[PDB]
$ cat target-v8.pdb   # PDB, C-alpha atoms (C1' of nucleotides) and all ligand atoms
ATOM      1  CA  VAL A   1       0.000   0.000   0.000
ATOM      2  CA  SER A   2       1.007   3.623  -0.549
ATOM      3  CA  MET A   3      -0.031   6.943   0.940
ATOM      4  CA  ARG A   4      -0.623   8.206  -2.599
ATOM      5  CA  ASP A   5      -2.601   5.079  -3.476
ATOM      6  CA  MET A   6      -4.948   5.285  -0.489
ATOM      7  CA  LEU A   7      -5.280   9.079  -0.322
ATOM      8  CA  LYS A   8      -7.201   9.021  -3.617
ATOM      9  CA  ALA A   9      -9.692   6.554  -2.093
ATOM     10  CA  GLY A  10     -10.857   9.011   0.576
ATOM     11  CA  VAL A  11      -9.685   6.946   3.542
ATOM     12  CA  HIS A  12      -8.823   9.984   5.672
ATOM     13  CA  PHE A  13     -12.460  11.112   5.855
ATOM     14  CA  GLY A  14     -14.057  10.425   9.230
ATOM     15  CA  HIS A  15     -17.375  11.258  10.892
ATOM     16  CA  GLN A  16     -18.803  14.496  12.224
ATOM     17  CA  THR A  17     -17.092  16.192  15.159
ATOM     18  CA  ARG A  18     -20.228  15.721  17.270
ATOM     19  CA  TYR A  19     -19.590  11.967  17.534
ATOM     20  CA  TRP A  20     -15.860  11.334  18.013
ATOM     21  CA  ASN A  21     -14.762   8.978  20.780
ATOM     22  CA  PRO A  22     -11.858  10.468  22.789
ATOM     23  CA  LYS A  23     -10.267   6.997  22.945
ATOM     24  CA  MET A  24      -8.465   7.719  19.644
ATOM     25  CA  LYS A  25      -7.385  11.336  19.823
ATOM     26  CA  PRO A  26      -3.831  10.469  18.598
ATOM     27  CA  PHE A  27      -5.114   9.053  15.308
ATOM     28  CA  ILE A  28      -6.743  12.336  14.224
ATOM     29  CA  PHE A  29      -4.706  14.742  12.119
ATOM     30  CA  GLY A  30      -7.168  17.614  12.455
ATOM     31  CA  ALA A  31     -10.531  18.948  11.300
ATOM     32  CA  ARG A  32     -12.140  20.579   8.281
ATOM     33  CA  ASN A  33     -15.742  21.510   7.457
ATOM     34  CA  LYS A  34     -16.562  20.348  11.000
ATOM     35  CA  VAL A  35     -15.474  16.809  10.082
ATOM     36  CA  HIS A  36     -12.419  14.997  11.417
ATOM     37  CA  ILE A  37      -9.483  13.866   9.281
ATOM     38  CA  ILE A  38      -7.557  10.660   9.973
ATOM     39  CA  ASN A  39      -3.753  10.766   9.990
ATOM     40  CA  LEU A  40      -2.217   8.813   7.107
ATOM     41  CA  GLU A  41       1.393   8.865   8.295
ATOM     42  CA  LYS A  42       0.626   6.475  11.150
ATOM     43  CA  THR A  43      -2.180   4.444   9.584
ATOM     44  CA  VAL A  44       0.214   3.272   6.854
ATOM     45  CA  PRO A  45       2.846   1.508   9.036
ATOM     46  CA  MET A  46       0.271  -0.085  11.349
ATOM     47  CA  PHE A  47      -1.604  -1.454   8.340
ATOM     48  CA  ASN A  48       1.601  -2.877   6.868
ATOM     49  CA  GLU A  49       2.562  -4.510  10.162
ATOM     50  CA  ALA A  50      -0.928  -5.984  10.525
ATOM     51  CA  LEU A  51      -0.653  -7.443   7.019
ATOM     52  CA  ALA A  52       2.755  -8.917   7.848
ATOM     53  CA  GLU A  53       1.460 -10.548  11.020
ATOM     54  CA  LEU A  54      -1.616 -11.724   9.102
ATOM     55  CA  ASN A  55       0.194 -13.605   6.355
ATOM     56  CA  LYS A  56       2.626 -14.913   8.967
ATOM     57  CA  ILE A  57      -0.293 -16.476  10.835
ATOM     58  CA  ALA A  58      -1.765 -17.620   7.512
ATOM     59  CA  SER A  59       1.383 -19.543   6.552
ATOM     60  CA  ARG A  60       0.826 -21.715   9.644
ATOM     61  CA  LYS A  61      -2.322 -22.923   7.796
ATOM     62  CA  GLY A  62      -4.875 -21.223  10.016
ATOM     63  CA  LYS A  63      -8.484 -20.569   9.055
ATOM     64  CA  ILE A  64      -9.613 -16.940   9.245
ATOM     65  CA  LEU A  65     -12.988 -15.223   9.152
ATOM     66  CA  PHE A  66     -14.108 -11.898   7.655
ATOM     67  CA  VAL A  67     -16.862  -9.961   9.448
ATOM     68  CA  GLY A  68     -18.581  -7.224   7.479
ATOM     69  CA  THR A  69     -22.321  -6.738   7.793
ATOM     70  CA  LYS A  70     -23.291  -3.408   6.228
ATOM     71  CA  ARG A  71     -25.713  -3.855   3.344
ATOM     72  CA  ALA A  72     -23.330  -1.819   1.173
ATOM     73  CA  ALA A  73     -20.389  -4.230   1.503
ATOM     74  CA  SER A  74     -21.821  -7.758   1.753
ATOM     75  CA  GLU A  75     -20.827  -8.438  -1.853
ATOM     76  CA  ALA A  76     -17.276  -7.183  -1.302
ATOM     77  CA  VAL A  77     -16.608  -9.335   1.764
ATOM     78  CA  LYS A  78     -18.162 -12.321   0.005
ATOM     79  CA  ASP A  79     -15.883 -11.776  -2.996
ATOM     80  CA  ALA A  80     -12.779 -11.410  -0.828
ATOM     81  CA  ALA A  81     -13.546 -14.562   1.148
ATOM     82  CA  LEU A  82     -14.353 -16.582  -1.981
ATOM     83  CA  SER A  83     -11.229 -15.437  -3.829
ATOM     84  CA  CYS A  84      -9.355 -15.920  -0.580
ATOM     85  CA  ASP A  85     -10.164 -19.589   0.222
ATOM     86  CA  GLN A  86     -11.162 -18.295   3.658
ATOM     87  CA  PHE A  87     -14.402 -17.715   5.515
ATOM     88  CA  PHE A  88     -16.846 -14.889   6.102
ATOM     89  CA  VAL A  89     -20.011 -13.580   7.743
ATOM     90  CA  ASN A  90     -21.955 -10.958   5.783
ATOM     91  CA  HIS A  91     -25.296 -10.599   7.586
ATOM     92  CA  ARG A  92     -26.642 -10.183  11.109
ATOM     93  CA  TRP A  93     -24.116 -11.813  13.432
ATOM     94  CA  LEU A  94     -26.041 -14.376  15.457
ATOM     95  CA  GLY A  95     -25.088 -13.784  19.076
ATOM     96  CA  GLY A  96     -23.101 -16.710  20.405
ATOM     97  CA  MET A  97     -21.505 -17.785  17.125
ATOM     98  CA  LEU A  98     -18.051 -18.141  18.676
ATOM     99  CA  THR A  99     -18.773 -18.524  22.382
ATOM    100  CA  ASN A 100     -21.745 -20.886  21.832
ATOM    101  CA  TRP A 101     -20.317 -22.820  18.882
ATOM    102  CA  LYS A 102     -21.483 -26.182  20.236
ATOM    103  CA  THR A 103     -25.059 -25.095  19.436
ATOM    104  CA  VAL A 104     -24.526 -23.422  16.040
ATOM    105  CA  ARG A 105     -22.822 -26.630  14.891
ATOM    106  CA  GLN A 106     -26.287 -28.214  14.799
ATOM    107  CA  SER A 107     -27.651 -25.539  12.467
ATOM    108  CA  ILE A 108     -24.605 -26.053  10.242
ATOM    109  CA  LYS A 109     -25.407 -29.773  10.089
ATOM    110  CA  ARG A 110     -29.072 -29.081   9.340
ATOM    111  CA  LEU A 111     -28.107 -26.717   6.519
ATOM    112  CA  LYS A 112     -25.827 -29.377   5.031
ATOM    113  CA  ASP A 113     -28.568 -32.013   5.217
ATOM    114  CA  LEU A 114     -31.167 -29.733   3.648
ATOM    115  CA  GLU A 115     -28.790 -28.691   0.857
ATOM    116  CA  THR A 116     -28.202 -32.361   0.058
ATOM    117  CA  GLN A 117     -31.962 -32.931  -0.010
ATOM    118  CA  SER A 118     -32.460 -29.935  -2.313
ATOM    119  CA  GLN A 119     -29.666 -30.690  -4.788
ATOM    120  CA  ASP A 120     -30.109 -34.452  -4.628
ATOM    121  CA  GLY A 121     -33.519 -34.902  -6.276
ATOM    122  CA  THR A 122     -35.839 -35.058  -3.252
ATOM    123  CA  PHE A 123     -37.907 -31.859  -3.449
ATOM    124  CA  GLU A 124     -40.604 -33.348  -5.670
ATOM    125  CA  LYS A 125     -42.346 -35.900  -3.417
ATOM    126  CA  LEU A 126     -43.447 -33.058  -1.131
ATOM    127  CA  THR A 127     -46.979 -31.794  -1.723
ATOM    128  CA  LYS A 128     -46.018 -28.301  -2.972
ATOM    129  CA  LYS A 129     -46.726 -26.888   0.516
ATOM    130  CA  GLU A 130     -43.901 -28.146   2.729
ATOM    131  CA  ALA A 131     -41.425 -28.091  -0.164
ATOM    132  CA  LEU A 132     -41.850 -24.314  -0.248
ATOM    133  CA  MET A 133     -41.141 -24.022   3.469
ATOM    134  CA  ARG A 134     -38.061 -26.212   2.990
ATOM    135  CA  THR A 135     -36.842 -23.820   0.283
ATOM    136  CA  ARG A 136     -37.622 -20.860   2.552
ATOM    137  CA  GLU A 137     -35.619 -22.455   5.371
ATOM    138  CA  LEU A 138     -32.754 -23.089   2.946
ATOM    139  CA  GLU A 139     -32.669 -19.450   1.895
ATOM    140  CA  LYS A 140     -32.765 -18.168   5.478
ATOM    141  CA  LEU A 141     -30.061 -20.567   6.667
ATOM    142  CA  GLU A 142     -27.670 -19.881   3.797
ATOM    143  CA  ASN A 143     -28.171 -16.119   4.086
ATOM    144  CA  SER A 144     -27.449 -16.227   7.821
ATOM    145  CA  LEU A 145     -24.558 -18.718   8.009
ATOM    146  CA  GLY A 146     -23.584 -19.642   4.450
ATOM    147  CA  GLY A 147     -20.044 -18.350   4.829
ATOM    148  CA  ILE A 148     -19.102 -20.617   7.742
ATOM    149  CA  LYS A 149     -20.533 -23.892   6.480
ATOM    150  CA  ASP A 150     -17.049 -25.460   6.805
ATOM    151  CA  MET A 151     -15.290 -24.155   9.923
ATOM    152  CA  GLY A 152     -14.414 -27.530  11.367
ATOM    153  CA  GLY A 153     -13.567 -25.706  14.587
ATOM    154  CA  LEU A 154     -12.949 -22.202  15.820
ATOM    155  CA  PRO A 155     -10.897 -19.823  13.642
ATOM    156  CA  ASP A 156      -7.483 -18.325  14.400
ATOM    157  CA  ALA A 157      -7.737 -14.717  13.184
ATOM    158  CA  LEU A 158     -10.891 -12.634  12.843
ATOM    159  CA  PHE A 159     -11.001  -9.605  10.538
ATOM    160  CA  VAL A 160     -13.676  -6.945  11.041
ATOM    161  CA  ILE A 161     -14.896  -3.841   9.221
ATOM    162  CA  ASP A 162     -16.335  -1.063  11.423
ATOM    163  CA  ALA A 163     -15.370  -2.411  14.840
ATOM    164  CA  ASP A 164     -18.065  -0.281  16.492
ATOM    165  CA  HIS A 165     -20.920  -1.927  14.580
ATOM    166  CA  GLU A 166     -19.516  -5.393  15.359
ATOM    167  CA  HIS A 167     -18.910  -5.111  19.099
ATOM    168  CA  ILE A 168     -20.558  -8.502  19.640
ATOM    169  CA  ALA A 169     -17.945 -10.291  17.522
ATOM    170  CA  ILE A 170     -15.014  -8.454  19.119
ATOM    171  CA  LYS A 171     -16.346  -9.329  22.568
ATOM    172  CA  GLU A 172     -16.714 -12.959  21.459
ATOM    173  CA  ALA A 173     -13.088 -13.028  20.335
ATOM    174  CA  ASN A 174     -11.824 -11.382  23.519
ATOM    175  CA  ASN A 175     -13.776 -13.914  25.581
ATOM    176  CA  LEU A 176     -12.286 -16.809  23.597
ATOM    177  CA  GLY A 177      -8.768 -15.393  23.250
ATOM    178  CA  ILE A 178      -8.707 -14.922  19.467
ATOM    179  CA  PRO A 179      -6.844 -11.933  17.960
ATOM    180  CA  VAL A 180      -8.849  -9.228  16.192
ATOM    181  CA  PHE A 181      -7.832  -7.230  13.105
ATOM    182  CA  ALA A 182     -10.291  -4.362  12.690
ATOM    183  CA  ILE A 183     -10.659  -1.016  10.944
ATOM    184  CA  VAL A 184     -11.869   1.731  13.280
ATOM    185  CA  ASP A 185     -13.268   5.085  12.194
ATOM    186  CA  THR A 186     -13.036   8.234  14.320
ATOM    187  CA  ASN A 187     -15.979   7.168  16.508
ATOM    188  CA  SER A 188     -15.100   3.627  17.656
ATOM    189  CA  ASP A 189     -13.561   2.097  20.768
ATOM    190  CA  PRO A 190     -10.262   0.364  19.871
ATOM    191  CA  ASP A 191      -9.604  -1.215  23.281
ATOM    192  CA  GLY A 192     -10.847  -4.663  22.302
ATOM    193  CA  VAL A 193      -8.726  -4.703  19.134
ATOM    194  CA  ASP A 194      -5.038  -5.619  19.349
ATOM    195  CA  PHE A 195      -4.239  -4.609  15.734
ATOM    196  CA  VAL A 196      -5.882  -1.255  15.041
ATOM    197  CA  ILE A 197      -6.131   0.031  11.468
ATOM    198  CA  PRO A 198      -7.309   3.669  11.416
ATOM    199  CA  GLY A 199      -9.435   4.762   8.495
ATOM    200  CA  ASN A 200     -12.915   4.910   7.015
ATOM    201  CA  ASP A 201     -15.184   1.874   7.179
ATOM    202  CA  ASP A 202     -18.263   2.681   5.056
ATOM    203  CA  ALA A 203     -17.068   4.051   1.700
ATOM    204  CA  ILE A 204     -16.998   1.304  -0.915
ATOM    205  CA  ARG A 205     -13.603   2.344  -2.293
ATOM    206  CA  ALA A 206     -11.761   2.118   1.029
ATOM    207  CA  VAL A 207     -13.482  -1.167   1.900
ATOM    208  CA  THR A 208     -12.472  -2.615  -1.468
ATOM    209  CA  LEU A 209      -8.889  -1.456  -0.944
ATOM    210  CA  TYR A 210      -8.753  -3.133   2.472
ATOM    211  CA  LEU A 211     -10.321  -6.370   1.253
ATOM    212  CA  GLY A 212      -8.094  -6.577  -1.818
ATOM    213  CA  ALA A 213      -4.926  -5.972   0.180
ATOM    214  CA  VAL A 214      -5.913  -8.572   2.782
ATOM    215  CA  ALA A 215      -6.927 -11.152   0.169
ATOM    216  CA  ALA A 216      -3.656 -10.683  -1.695
ATOM    217  CA  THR A 217      -1.446 -10.834   1.393
ATOM    218  CA  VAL A 218      -3.174 -13.989   2.590
ATOM    219  CA  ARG A 219      -2.851 -15.610  -0.857
ATOM    220  CA  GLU A 220       0.916 -15.101  -0.827
ATOM    221  CA  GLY A 221       0.867 -16.290   2.786
ATOM    222  CA  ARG A 222      -0.887 -19.515   1.802
ATOM    223  CA  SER A 223       1.345 -20.086  -1.235
ATOM    224  CA  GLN A 224       4.420 -19.921   1.032
TER     225      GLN A 224
ATOM    226  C1'   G B   1     -52.574 -44.460  45.973
ATOM    227  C1'   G B   2     -56.168 -44.358  42.201
ATOM    228  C1'   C B   3     -60.162 -41.611  40.184
ATOM    229  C1'   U B   4     -62.924 -36.576  39.584
ATOM    230  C1'   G B   5     -64.623 -31.385  39.777
ATOM    231  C1'   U B   6     -62.605 -26.072  38.812
ATOM    232  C1'   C B   7     -60.031 -21.812  36.612
ATOM    233  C1'   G B   8     -60.576 -23.341  31.181
ATOM    234  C1'   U B   9     -60.215 -25.865  25.397
ATOM    235  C1'   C B  10     -58.103 -19.930  28.464
ATOM    236  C1'   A B  11     -53.183 -19.552  25.358
ATOM    237  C1'   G B  12     -50.111 -20.048  27.915
ATOM    238  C1'   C B  13     -45.910 -22.934  30.992
ATOM    239  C1'   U B  14     -40.786 -24.170  30.926
ATOM    240  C1'   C B  15     -35.631 -26.013  29.708
ATOM    241  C1'   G B  16     -30.225 -26.667  27.600
ATOM    242  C1'   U B  17     -25.913 -23.656  26.027
ATOM    243  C1'   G B  18     -24.447 -18.468  25.476
ATOM    244  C1'   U B  19     -24.565 -13.383  27.312
ATOM    245  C1'   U B  20     -25.895  -9.435  31.397
ATOM    246  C1'   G B  21     -26.024  -8.451  37.078
ATOM    247  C1'   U B  22     -22.233  -8.663  43.647
ATOM    248  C1'   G B  23     -27.025 -11.187  44.078
ATOM    249  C1'   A B  24     -32.479 -12.403  44.137
ATOM    250  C1'   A B  25     -33.005 -12.502  38.746
ATOM    251  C1'   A B  26     -33.134 -10.980  33.269
ATOM    252  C1'   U B  27     -32.840 -12.376  28.049
ATOM    253  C1'   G B  28     -34.922 -15.891  24.705
ATOM    254  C1'   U B  29     -40.905 -15.236  25.633
ATOM    255  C1'   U B  30     -39.386  -7.866  23.944
ATOM    256  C1'   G B  31     -40.559  -4.831  19.092
ATOM    257  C1'   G B  32     -43.848  -4.034  13.614
ATOM    258  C1'   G B  33     -47.579  -6.379  11.300
ATOM    259  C1'   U B  34     -51.020 -10.708  11.506
ATOM    260  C1'   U B  35     -54.239 -14.809  13.645
ATOM    261  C1'   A B  36     -59.164 -18.641  16.617
ATOM    262  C1'   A B  37     -54.154 -19.561  18.600
ATOM    263  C1'   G B  38     -46.627 -18.143  21.960
ATOM    264  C1'   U B  39     -50.619 -18.833  14.436
ATOM    265  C1'   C B  40     -47.140 -17.058  10.844
ATOM    266  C1'   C B  41     -43.660 -13.596   8.744
ATOM    267  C1'   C B  42     -40.080  -9.603   9.481
ATOM    268  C1'   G B  43     -36.430  -7.428  13.197
ATOM    269  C1'   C B  44     -33.367  -8.785  17.297
ATOM    270  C1'   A B  45     -27.480 -11.103  22.298
ATOM    271  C1'   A B  46     -29.474 -14.689  21.596
ATOM    272  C1'   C B  47     -28.930 -19.885  19.120
ATOM    273  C1'   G B  48     -32.210 -24.270  19.752
ATOM    274  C1'   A B  49     -35.601 -27.729  22.259
ATOM    275  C1'   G B  50     -40.085 -29.777  25.197
ATOM    276  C1'   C B  51     -45.359 -29.590  26.831
ATOM    277  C1'   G B  52     -49.481 -26.830  25.046
ATOM    278  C1'   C B  53     -52.369 -24.498  19.522
ATOM    279  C1'   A B  54     -53.110 -26.823  14.669
ATOM    280  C1'   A B  55     -52.943 -31.874  11.882
ATOM    281  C1'   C B  56     -53.547 -37.449  12.461
ATOM    282  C1'   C B  57     -59.305 -40.141  15.265
ATOM    283  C1'   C B  58     -65.273 -40.528  15.048
ATOM    284  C1'   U B  59     -69.667 -38.384  12.678
ATOM    285  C1'   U B  60     -72.586 -35.471   8.993
ATOM    286  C1'   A B  61     -72.996 -33.060   3.794
ATOM    287  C1'   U B  62     -71.536 -34.614  -2.761
ATOM    288  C1'   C B  63     -69.715 -38.355  -6.303
ATOM    289  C1'   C B  64     -67.547 -43.237  -7.957
ATOM    290  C1'   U B  65     -66.210 -48.877  -7.871
ATOM    291  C1'   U B  66     -67.881 -53.774  -5.796
ATOM    292  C1'   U B  67     -72.077 -57.435  -3.714
ATOM    293  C1'   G B  68     -77.503 -57.634  -3.982
ATOM    294  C1'   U B  69     -80.749 -60.526   1.020
ATOM    295  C1'   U B  70     -84.300 -60.544   4.716
ATOM    296  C1'   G B  71     -83.261 -54.665   1.400
ATOM    297  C1'   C B  72     -85.032 -51.847  -3.894
ATOM    298  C1'   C B  73     -88.931 -51.659  -8.440
ATOM    299  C1'   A B  74     -87.103 -48.144 -13.718
ATOM    300  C1'   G B  75     -88.013 -50.843 -18.014
ATOM    301  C1'   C B  76     -90.995 -56.261 -19.179
ATOM    302  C1'   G B  77     -95.094 -60.492 -18.724
ATOM    303  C1'   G B  78     -99.232 -62.143 -15.335
ATOM    304  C1'   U B  79    -101.920 -60.940 -11.487
ATOM    305  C1'   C B  80    -107.221 -61.963  -6.463
ATOM    306  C1'   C B  81    -104.214 -54.973  -7.635
TER     307        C B  81
HETATM  308 MG    MG C   1     -21.576 -14.074  35.799
HETATM  309 MG    MG C   2     -34.165  -6.994  27.419
HETATM  310 MG    MG C   3     -44.409 -15.512  29.793
HETATM  311 MG    MG C   4     -39.098 -14.538  31.621
HETATM  312 MG    MG C   5     -44.603 -10.021  17.676
HETATM  313 MG    MG C   6     -46.166 -23.297  18.813
END

$ encode --input "target-v8.pdb" --output "structure tokens"
Amino acid sequence: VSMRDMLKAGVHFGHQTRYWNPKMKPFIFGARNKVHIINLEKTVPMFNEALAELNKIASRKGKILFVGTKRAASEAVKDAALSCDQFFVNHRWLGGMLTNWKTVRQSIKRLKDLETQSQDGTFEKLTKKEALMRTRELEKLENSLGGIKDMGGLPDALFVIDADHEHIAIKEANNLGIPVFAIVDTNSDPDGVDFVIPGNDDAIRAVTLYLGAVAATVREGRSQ
RNA sequence: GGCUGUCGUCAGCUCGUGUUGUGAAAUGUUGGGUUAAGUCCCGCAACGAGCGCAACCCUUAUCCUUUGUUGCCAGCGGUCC
């Protein structure tokens, strides 16, 4: 990544001054038009070091998970995870995914069974009434947990967009002792994150830049 | 002990794991619609399950296949009708 490359993507833009958490005063360069500006000169090295640690942990062959739930970036996180060979969650995070995994395993199994029934030639003996509810259940289950259908255990690293919106996941990770790699805007609390990446978290361009950089770095980490 | 009345055939009553609180406890079971119904859908720190509601049981209302006695008489013949 480069300062020139990411300055054109509008990363430095933050939120309104009325909303800034004081927990990240150092990360703010200044203000303009009553809107904060994020400092590039420090967000570059921390991002690079996070990427280094990330592909280092990837080379150990460790599964990782991408949390991004805004309706404007579900497609981007899905694309990164798919062309990453790694996993994702792109809808409402069901509380207790990590800390209550021994229960969500059952829903994973049910989704697998129902997918086999659907794409195995079974949804024709049903009397056009319960087949529809089976399809409805399929759609709900895949939209809620389709990106984690093959954990086979807890992950190792958990990557989050907009740490503030995803406090449940960060708390899950802190409870279970799993490192967190998150992007925080000028209104979040970075205490639960041990690898803080300052910057915007809602603009599509910045989100795409983050996801592309992470997907690349982890591909070269896996190829190692 | 067993059996029965009653609230009341009212729509409610709970549990496992997770989270919150020093604790008694809370959540789920709250919210928007909807229903005869905690009935269903959408949201959601909750994710699921059990007993209840509904369906499976008996009867009544239409049609068809089979058998025609002690039951029936449309078309035939006779008749004390
Ligand atoms: Mg406690
Ligand atoms: Mg509450
Ligand atoms: Mg209650
Ligand atoms: Mg309660
Ligand atoms: Mg409701
Ligand atoms: Mg029910």

$ resolve_selection --input "target-v8.pdb" --expression "the PyMOL selection byres ((chain B) within 6 of (chain A))" --output "list in words"
residues 18, 45 and 46 of chain B

$ resolve_selection --input "target-v8.pdb" --expression "the PyMOL selection byres (((chain A and resi 151-165) around 7) and not hetatm)" --output "short mmCIF file (atom, residue, chain, number, x, y, z; two decimals) with C-alpha atoms, in the frame of the given file"
data_model
loop_
_atom_site.label_atom_id
_atom_site.label_comp_id
_atom_site.auth_asym_id
_atom_site.auth_seq_id
_atom_site.Cartn_x
_atom_site.Cartn_y
_atom_site.Cartn_z
CA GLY A 62 -4.88 -21.22 10.02
CA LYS A 63 -8.48 -20.57 9.06
CA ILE A 64 -9.61 -16.94 9.24
CA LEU A 65 -12.99 -15.22 9.15
CA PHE A 66 -14.11 -11.90 7.66
CA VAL A 67 -16.86 -9.96 9.45
CA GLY A 68 -18.58 -7.22 7.48
CA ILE A 148 -19.10 -20.62 7.74
CA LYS A 149 -20.53 -23.89 6.48
CA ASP A 150 -17.05 -25.46 6.80
CA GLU A 166 -19.52 -5.39 15.36
CA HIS A 167 -18.91 -5.11 19.10
CA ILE A 178 -8.71 -14.92 19.47
CA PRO A 179 -6.84 -11.93 17.96
CA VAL A 180 -8.85 -9.23 16.19
CA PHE A 181 -7.83 -7.23 13.10
CA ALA A 182 -10.29 -4.36 12.69
CA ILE A 183 -10.66 -1.02 10.94
CA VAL A 184 -11.87 1.73 13.28
CA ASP A 185 -13.27 5.08 12.19
CA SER A 188 -15.10 3.63 17.66
CA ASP A 189 -13.56 2.10 20.77
CA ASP A 201 -15.18 1.87 7.18
#

$ residues_near_ligand --input "target-v8.pdb" --ligand "ligand MG 5 (chain C)" --cutoff "9 Å" --atoms "all atoms listed in the file" --output "list in words"
residues 30, 31, 32, 33 and 34 of chain B

$ residues_around --input "target-v8.pdb" --residues "residue 222 in chain A" --least-positions-apart "2" --cutoff "8 Å" --atoms "all atoms listed in the file" --output "list in words"
residues 55, 58, 59, 61, 218, 219, 220 and 224 of chain A

$ residues_near_ligand --input "target-v8.pdb" --ligand "ligand MG 3 (chain C)" --cutoff "10 Å" --atoms "all atoms listed in the file" --output "ChimeraX atom specification"
/B:12-14,29,38

$ write_last_selection --input "target-v8.pdb" --atoms "C-alpha atoms (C1' of nucleotides)" --output "PDB file, in the frame of the given file"
ATOM      1  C1'   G B  12     -50.111 -20.048  27.915  1.00  0.00           C
ATOM      2  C1'   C B  13     -45.910 -22.934  30.992  1.00  0.00           C
ATOM      3  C1'   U B  14     -40.786 -24.170  30.926  1.00  0.00           C
ATOM      4  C1'   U B  29     -40.905 -15.236  25.633  1.00  0.00           C
ATOM      5  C1'   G B  38     -46.627 -18.143  21.960  1.00  0.00           C
TER       6        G B  38
END

$ resolve_selection --input "target-v8.pdb" --expression "the PyMOL selection byres (((not hetatm)) within 10 of (chain C and resi 6))" --output "PyMOL selection string"
chain B and resi 37-39+52-54

$ residues_near_ligand --input "target-v8.pdb" --ligand "ligand MG 4 (chain C)" --cutoff "9 Å" --atoms "only C-alpha atoms (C1' of nucleotides) and all ligand atoms" --output "NGL selection string"
:B and (26-29)

$ write_last_selection --input "target-v8.pdb" --atoms "C-alpha atoms (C1' of nucleotides)" --output "PDB file, in the frame of the given file"
ATOM      1  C1'   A B  26     -33.134 -10.980  33.269  1.00  0.00           C
ATOM      2  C1'   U B  27     -32.840 -12.376  28.049  1.00  0.00           C
ATOM      3  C1'   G B  28     -34.922 -15.891  24.705  1.00  0.00           C
ATOM      4  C1'   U B  29     -40.905 -15.236  25.633  1.00  0.00           C
TER       5        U B  29
END

$ closest_residue --input "target-v8.pdb" --among "B:9, B:35, B:22, B:4" --to "ligand MG 1 (chain C)" --atoms "all atoms listed in the file"
B:22

$ residues_near_ligand --input "target-v8.pdb" --ligand "ligand MG 1 (chain C)" --cutoff "12 Å" --atoms "only C-alpha atoms (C1' of nucleotides) and all ligand atoms" --output "list in words"
residues 18, 19, 20, 21, 22, 23 and 25 of chain B

$ atom_distance --input "target-v8.pdb" --atom1 "CA of residue 145 in chain A" --atom2 "CA of residue 72 in chain A"
18.3 Å

$ atom_distance --input "target-v8.pdb" --atom1 "CA of residue 171 in chain A" --atom2 "CA of residue 205 in chain A"
27.6 Å

$ closest_residue --input "target-v8.pdb" --among "A:11, A:129, A:135, A:121" --to "residue 210 in chain A" --atoms "all atoms listed in the file"
A:11

$ axis_aligned_box --input "target-v8.pdb" --around "range 156-175 of chain A" --padding-each-side "6 Å" --output "lines of an AutoDock Vina configuration file"
center_x = -14.2
center_y = -9.3
center_z = 17.4
size_x = 25.4
size_y = 30.0
size_z = 28.4

$ atom_distance --input "target-v8.pdb" --atom1 "CA of residue 198 in chain A" --atom2 "CA of residue 10 in chain A"
12.6 Å

$ closest_residue --input "target-v8.pdb" --among "A:197, A:25, A:76, A:110" --to "residue 48 in chain B" --atoms "all atoms listed in the file"
A:110

$ residues_around --input "target-v8.pdb" --residues "residue 146 in chain A" --least-positions-apart "3" --cutoff "9 Å" --atoms "all atoms listed in the file" --output "short mmCIF file (atom, residue, chain, number, x, y, z; two decimals) with C-alpha atoms, in the coordinates of the input"
data_model
loop_
_atom_site.label_atom_id
_atom_site.label_comp_id
_atom_site.auth_asym_id
_atom_site.auth_seq_id
_atom_site.Cartn_x
_atom_site.Cartn_y
_atom_site.Cartn_z
CA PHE A 88 -16.85 -14.89 6.10
CA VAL A 89 -20.01 -13.58 7.74
CA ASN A 90 -21.96 -10.96 5.78
CA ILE A 108 -24.60 -26.05 10.24
CA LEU A 111 -28.11 -26.72 6.52
CA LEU A 141 -30.06 -20.57 6.67
CA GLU A 142 -27.67 -19.88 3.80
CA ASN A 143 -28.17 -16.12 4.09
CA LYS A 149 -20.53 -23.89 6.48
#
